[PDB]
Amino acid sequence: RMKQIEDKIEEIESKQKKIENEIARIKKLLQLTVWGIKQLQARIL
Amino acid sequence: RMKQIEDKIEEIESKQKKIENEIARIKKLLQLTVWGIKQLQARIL
Amino acid sequence: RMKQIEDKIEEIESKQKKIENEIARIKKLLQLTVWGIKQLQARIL
Ligand SMILES: [Cl-]
């Protein structure tokens, strides 16, 4: 039961890395969308 | 101690699945916002 | 090996909370971008 536990922990850590990488990508795209909205605002105003 | 650990793993995995679900929803809305910005850009240009 | 597991669990939980908090911040910004897009739509149309 300790080895199974260790394996499940390694899997959780692996998925946590995936999650952190996805959050980083989402933040970069979100920043681009903010910039794009601000550009459009300037062009409209 | 090993039953407490096993139970805490199951809880962590549950929370991780909630997080994954929430990220999927965020990504879908973010994609819609990208489409909406692109439509505005094309309209104005 | 149970103590090392318990310490890894604490670290995983620590990170999971940070991830949850970051998702909450992303959601707040994404709500503001949706609002900003709708404002531009209304003005253009
Ligand atoms: Cl997580």
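Judging from the entry metadata, X-ray crystallography is the method by which this structure was determined, and 1.20 Å is the reported resolution.

As annotated in the PDB entry, chain A is IQN17 from Hiv-1 m:b_hxb2r. The title line of the PDB record says "HIV-1 gp41 coiled-coil pocket IQN17".

1. Comments concerning the relation of the copies chain A and chain B
Between the two copies, chain A and chain B, the superposition gives an RMSD of 0.3 Å; the rotation angle is 123 degrees and the shift along the axis is 0.3 Å. These values place the two chain copies in the arrangement generated by a three-fold rotation axis.

2. Let's talk about the interface of chain A and chain B
How big an interface is tends to be reported as the loss of accessible area on association of its parts. On the chain B side, the residues contacting the 18 residues of chain A number 20 residues. Among the residues forming the side of chain A that touches chain B, the class breakdown is 11 nonpolar, two polar and five charged.

3. Structural notes on the pattern of salt bridges
In this structure, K8 of chain B engages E13 of chain C in a salt bridge whose closest nitrogen and oxygen atoms are separated by 2.7 Å. Within this pair, whereas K8 of chain B is found in helix 1 (residues 2-44), its partner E13 of chain C is found in helix 1 (residues 2-44), the two belonging to separate chains. Ionic pairing is found between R25 of chain B and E22 of chain B, a salt bridge with its closest N-O pair at 2.6 Å. On the criterion of helical spacing, the pair formed by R25 of chain B and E22 of chain B is a turn pair, its members being three residues apart in helix 1. Each member of the salt-bridge network shares a partner with another, and the members are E22 and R25 of chain A together with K27 of chain B.

4. Notes on the packing of helix 1 (residues 2-44) of chain A against helix 1 of chain B
Two elements in contact, helix 1 of chain A and helix 1 of chain B, have axes separated by 9 Å at closest approach and are oriented at 20 degrees. Here helix 1 of chain B runs roughly parallel to helix 1 of chain A, going by the angle between their axes. In the packing of helix 1 of chain A onto helix 1 of chain B, the handedness of the crossing is left-handed. Partitioned by chemical class, the residues of the contact of helix 1 of chain A with helix 1 of chain B number 23 nonpolar, five polar and eight charged.

5. Structural notes on the side chain of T33 of chain B
For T33 of chain B, the location among the structural elements is in helix 1. A distance of 2.8 Å separates a polar atom in the side chain of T33 of chain B from the backbone oxygen of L30 of chain B. Each residue touching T33 of chain B, except ones within four places of it in the same chain, is listed here: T33 of chain A together with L30, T33, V34 and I37 of chain C.

What counts, and at which threshold
Residues numbered from 1 in each chain as written, not as in the entry; some residues may be left out. Chains lettered and ligands numbered in written order. Heavy atoms only, no water. Residues with missing side-chain atoms left out of burial classes, pairs and counts. Least-squares fit on C-alpha atoms. Contact = heavy atoms within 4.5 Å. Nonpolar A, V, L, I, M, F, W, Y, C, P; charged D, E, K, R; others polar. Salt bridge = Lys/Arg side-chain N within 4 Å of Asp/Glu carboxyl O. Helix = DSSP H or I, 4+ residues; strand = E, 2+ residues; numbered from the N terminus. Axes fitted to C-alpha atoms, helices over the stretch in contact; angles between N-to-C directions. Parallel < 35°, antiparallel > 145°, perpendicular 65-115°, else oblique. Left-handed = near helix turned anticlockwise from the far one by under 90°. Polar contact = N/O pair within 3.5 Å; in protein donor to acceptor, adjacent residues only side chain to side chain.

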